[PDB]
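Trainee: Here is the sequence, then the experimental structure:
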Amino acid sequence: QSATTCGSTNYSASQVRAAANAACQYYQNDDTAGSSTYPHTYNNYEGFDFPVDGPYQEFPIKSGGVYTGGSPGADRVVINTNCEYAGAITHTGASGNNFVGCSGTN
């Protein structure tokens with residue numbers, strides 16, 4: 001969580017940290033802030049994984065602040081099941097449904 005640029009959509013170390021500290025407070029055991037599915041365990045599949053442990057979960061970001069639910073939501077920050085930032089991925093530079101890594105994430 002140190003200034004991630006998701007292709008074109010820039011996110012301050014403040015924004016990554018805000019969304020993650022939020023995702024953290026919500027996914028642990030305090031509130032069910034709207035959401036159809038997010039946050040929820042980023043279970044199985046290849047393509048992407050983070051050098052940590054998990055089980056990690058998704059939290060889709062926005063270029064304004066923490067969780068709004070505007071749609072689309074290509075840009076998504078992903079955390080660990082405590083309070084640690086896993087990485088930041090986005091559909092920005094991807095093939096529609098696919099994903100790519102933001103600045104720092106690889």
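Mentor: Received it, and whenever you're ready, just let me know what you need. Numbers count the residues shown, from 1 in each chain.
Trainee: how about the residue lying closest to residue 86 once chain neighbours are set aside, what does it touch?
Mentor: Closest residue to residue 86 apart from its sequence neighbours, by C-beta to C-beta, 6 or more residues apart in numbering: residue 50 at 4.1 Å. No exception for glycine: its C-beta is placed from N, CA and C like everyone else's. Contacts for residue 50 (C-beta atoms under 8 Å, 6 or more residues apart in numbering) come out as 56, 78, 80, 86, 87.
Trainee: how would you label the nearest residue to the last one once chain neighbours are set aside: helix, strand or coil?
Mentor: Closest residue to residue 87 in three dimensions, ignoring its sequence neighbours and counting by C-beta to C-beta, 6+ apart: residue 105, at 4.0 Å. Here residue 105 takes the coil state, with states given by DSSP: H, G, I helix; E, B strand; the rest coil.
Trainee: distance of residue 105 from residue 78?
Mentor: Distance of residue 105 to residue 78, computed by C-beta to C-beta, to the nearest Å: 9 Å.
Trainee: show me the biggest strand of this protein in terms of residues.
Mentor: Scanning the chain for the longest strand, with DSSP state E as the assignment, gives strand 85-90.
Trainee: what helix or strand does the residue positioned nearest the centre of the chain sit in?
Mentor: The chain has residue 77 as the residue nearest its centroid, 1.4 Å off, counting by C-alpha atoms, centre = their mean. If you go by DSSP states H and E, residue 77 is part of strand 76-79.
Trainee: so how far is that strand from its chain's centroid?
Mentor: 2 Å (C-alpha atoms, centre = their mean, to the nearest Å).
Trainee: what comes into contact with that strand?
Mentor: So strand 76-79 is contacted by 4, 11, 16, 19-20, 23-24, 27, 39, 42, 50, 56-61, 85-90 (C-beta under 8 Å, 6+ apart).
Trainee: can we see that at 10 Å?
Mentor: 1, 4, 6, 11, 15-24, 27, 38-39, 42, 48, 50, 52, 54, 56-62, 66, 85-91, 99, 102, 105 (C-beta atoms under 10 Å, 6 or more residues apart in numbering).
Trainee: So how do I select the buried members of those residues in ChimeraX?
Mentor: Per 16 or more other C-beta atoms under 10 Å, the buried members of those correspond to this ChimeraX selection:
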select :1,4,6,11,15,16,18,19,20,22,23,24,27,38,39,42,50,54,56,57,58,59,60,61,62,66,85,86,87,88,89,90,91,99,102,105
